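Any read-out appearing in this document is the output of simple, stated calculations on the displayed coordinates, not a laboratory observation. Here the Cβ positions follow ideal geometry from the backbone for every residue, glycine too, while neighbour counts run over all protein chains shown.
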Amino acid sequence: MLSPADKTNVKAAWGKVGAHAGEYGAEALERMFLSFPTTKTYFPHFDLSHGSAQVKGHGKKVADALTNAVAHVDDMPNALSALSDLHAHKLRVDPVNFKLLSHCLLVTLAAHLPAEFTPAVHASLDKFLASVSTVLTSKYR
Amino acid sequence: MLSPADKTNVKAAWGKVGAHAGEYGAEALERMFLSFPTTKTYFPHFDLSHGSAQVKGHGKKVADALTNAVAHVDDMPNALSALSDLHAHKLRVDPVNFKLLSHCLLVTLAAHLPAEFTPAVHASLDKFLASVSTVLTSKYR
Amino acid sequence: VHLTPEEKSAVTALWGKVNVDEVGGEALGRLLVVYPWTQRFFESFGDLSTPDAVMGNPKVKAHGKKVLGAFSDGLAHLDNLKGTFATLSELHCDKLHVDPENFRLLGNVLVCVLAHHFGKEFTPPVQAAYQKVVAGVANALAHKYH
Amino acid sequence: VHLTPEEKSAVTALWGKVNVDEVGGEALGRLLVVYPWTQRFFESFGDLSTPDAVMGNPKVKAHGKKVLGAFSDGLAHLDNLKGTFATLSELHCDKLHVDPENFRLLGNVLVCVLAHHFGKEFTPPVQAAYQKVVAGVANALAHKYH
Ligand code: HEM
Ligand code: HEM
Ligand code: HEM
Ligand code: HEM
């Protein structure tokens, strides 16, 4: 459960990401495909080569979604409703994979936010990513 | 997300457990310790031998908690509040372990309720144990 | 896998009583019911909308029989699961695009099905032997992923 | 572990730039902050009341140096981790009662610490190589559990 301090930490860190949200989104995906190759099973229709427009565009859509969730951190369920339905009913990504992308998104933020990535912010971001993952998989069954 | 049919399925299955709930709880633990030996790390103070009274005693405590969860299936967070505090702040059992016990409880139910363990009931029970697990780990951080 | 002589005998003795056709169909149908996201690999199988629909689907029963049949073969080569499943590992990765986590879910549903079928004979020690086997098989099938 | 020659050199090259004692204290403190249930083994360490208290605790830092020093020595034996960590595996299971999941948590926290430390030098391919190592060490430490 996100405390108020958690919400403040996320907002602060995400704020700093700012304009690079899409570029970070793309790098996190590339880190995931390389570290955890089994995730590639869900992208057989993509050119997964480094800097592909498909990954860059997907990275952007992922970042925008995270931005929407930070914006509406007090009501994520409603905010990500549509995404929650798409993943549950169409994409059908095994829930384990959400933890692997969350890990790679945390590594990307760490690599880019030297000042802001303190232990307390790291904890808050981890929890935030876990909440987003829970909302995304909440309509699976 | 427990639907009215899930709730119905759980109350029915648990209904049939009836008085054996404690013996099934002990058997589930025994299956867990044998199948997933890392779970033994939380009970260094128990005699884990077959027939151990300590395992039998603990099995009854677990089964009783589940009985209470079934009874309050609409208000689980409040009903298991004290157990969430306990696990989060004292026992500090890694969240991964909850899935292993849930699996062993399912195997126990299967082995004892031939007739009642239909595919629909199996799905409802899995969802119910995942909900109990979520509640139990909700205050970890 | 490393099974004690007692685990190997437990495994083998129970498997001689398994009707692979029947257990195969039950295991695959229960996977599709309990973890419905797994239906994503079976769009051409027909009606998978309800438990009853899933369980009486002949394409499900047929596939279930194929899968458990291949699983039976690894039981004969418990000392060389990776070598036994190499070709099938590459198929599932390169052609089928199946996330290996699905192998783990099926292993757990199978355990449930043997317990349901066998009752009291599926004792804690027997289960433990089976759990090592289904993990072994899952690992053997994910081995050639890249 | 099976790392390509390229992978081994990427690991070794970055490691050469690490202050073991510093990263050790940071990784251990961050494990205790991010996954607080891990504090269960450390009640004798004193005050773990806040992030600041954890990160500043001399007992945490000393334990982090001990853990990473062993880790560091294992990087010399990439080819024989199971053998290298066998006695420690036994110790962690039989005397310490540490659930091996803690090893996996520490490995992810270590990767985030390296990323934070190295920034852009911690590229996707260097991360992948470290992921294999951290999984390898976790597995080697869990190997003798029974
Ligand atoms: C933080 C977690 C995640 C978020 C916020 C997220 C968000 C999104 C968004 C915004 C889209 C595009 C929807 C559209 O185009 O209308 C999408 C599609 C998709 N996602 Fe998720 N996703 C997440 C996790 C995952 C994971 C872990 C995987 C698999 C490893 C995955 C696989 C997919 C796939 C395959 C698509 C469709 C790609 C395409 O054909 O364009 N997602 N996701
Ligand atoms: C369905 C999930 C679970 C339920 C309903 C449950 C319930 C309980 C209950 C009712 C108690 C007794 C509290 C007391 O002493 O008043 C307890 C204690 C305990 N539980 Fe949990 N538990 C669950 C999962 C787990 C798991 C997965 C583990 C570890 C593998 C675990 C480890 C323990 C330990 C070590 C104790 C203390 C035992 C003692 O010293 O008497 N629990 N649990
Ligand atoms: C015990 C683990 C498994 C074994 C031994 C196994 C074995 C097999 C075999 C022998 C085939 C037939 C290949 C052919 O002749 O085309 C096959 C195909 C297939 N398997 Fe696996 N399987 C396993 C688990 C799974 C799981 C868990 C899934 C997904 C939930 C899956 C999805 C498929 C699909 C989609 C096909 C192709 C069916 C078709 O041709 O439409 N398998 N498998
Ligand atoms: C890379 C993973 C790890 C390595 C290489 C490692 C290594 C070590 C070493 C070398 C020791 C001292 C052994 C001795 O006393 O001779 C030790 C002790 C210990 N470790 Fe581990 N460790 C690791 C992870 C962990 C984790 C994640 C935890 C718990 C969250 C943990 C808990 C402990 C405890 C409680 C002790 C005893 C400390 C004492 O008695 O002062 N270790 N470890």
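Working only within region B:1-46, note down all residues that are among the basic types (K, R) and either over 19 Å from B:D126 (Cβ atoms) or within 14 Å of the chain's Cα centre (by Cα) (or both). Residues satisfying the conditions are B:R31, B:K40. For region D:83-146, the helices (runs of 4 or more DSSP H) that sit wholly inside it and include 2 or more residues that are surrounded by fewer than 18 Cβ atoms within 10 Å (Cβ to Cβ) are D:86-94, D:124-142.
Do we have C:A27 as in contact with a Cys (Cβ under 9 Å, 6 or more places away or on another chain) and closer than 30 Å to B:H50 by Cα here? For C:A27, the condition - in contact with a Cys (Cβ under 9 Å, 6 or more places away or on another chain) and closer than 30 Å to B:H50 by Cα - is met.
For region B:85-141: of the residues being of a type in the set (S, T, N, Q) and within 25 Å of C:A128 (Cβ to Cβ), which is surrounded by the most Cβ atoms within 10 Å (Cβ to Cβ)?
The residue in question is B:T108.
This table checks each residue for (1) closer than 30 Å to C:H117 by Cβ; (2) away from every other protein chain (no Cβ under 13 Å); (3) in contact (Cβ under 8 Å) with a residue 24 or more places away in the chain; (4) away from ligand 1 (no atom under 16 Å from the Cβ).
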position: B:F33; (1), (2), (3), (4): yes, no, no, yes
position: B:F46; (1), (2), (3), (4): no, no, no, yes
position: B:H72; (1), (2), (3), (4): no, yes, no, yes
position: B:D75; (1), (2), (3), (4): no, yes, no, yes
position: B:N78; (1), (2), (3), (4): no, yes, no, yes
position: B:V93; (1), (2), (3), (4): no, no, yes, yes
position: B:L106; (1), (2), (3), (4): yes, no, no, yes
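Matching residues to (1) over 17 Å from D:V34 (Cβ atoms); (2) among the polar types (S, T, N, Q); (3) within 14 Å of chain A (Cβ to nearest Cβ):
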position	(1), (2), (3)
D:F85	yes, no, no
D:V111	no, no, yes
D:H117	no, no, yes
D:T123	yes, yes, yes
D:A128	yes, no, yes
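Among the residues examined, A:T41 does not qualify as of a type in the set (V, I, T), more than 12 Å from chain D (Cβ to nearest Cβ) and within 21 Å of A:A12 (Cα to Cα). Looking across region D:46-89, the residues that are touching a residue at least 24 places away in the same chain (Cβ under 8 Å) and either of a type in the set (V, I, T) or in contact with a strand residue (DSSP E or B) (Cβ under 7 Å, 6 or more places away or on another chain) (or both) come down to D:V54, D:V60, D:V67, D:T84.
In this structure, A:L100 qualifies as among the aliphatic types (A, V, I, L, M), within 14 Å of chain C (Cβ to nearest Cβ) and under 21 Å from D:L105 (Cα atoms). Just checking, does region D:59-77 include any residue being over 22 Å from D:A140 (Cα atoms), more than 16 Å from ligand 1 (Cβ to nearest atom) and within 13 Å of another protein chain (Cβ to nearest Cβ)? Yes, region D:59-77 contains a residue that is over 22 Å from D:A140 (Cα atoms), more than 16 Å from ligand 1 (Cβ to nearest atom) and within 13 Å of another protein chain (Cβ to nearest Cβ). Scanning region B:76-120 for residues that are within 25 Å of B:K40 (Cα to Cα) and of a type in the set (D, E, K, R) gives B:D85, B:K90, B:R92, B:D94, B:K99.
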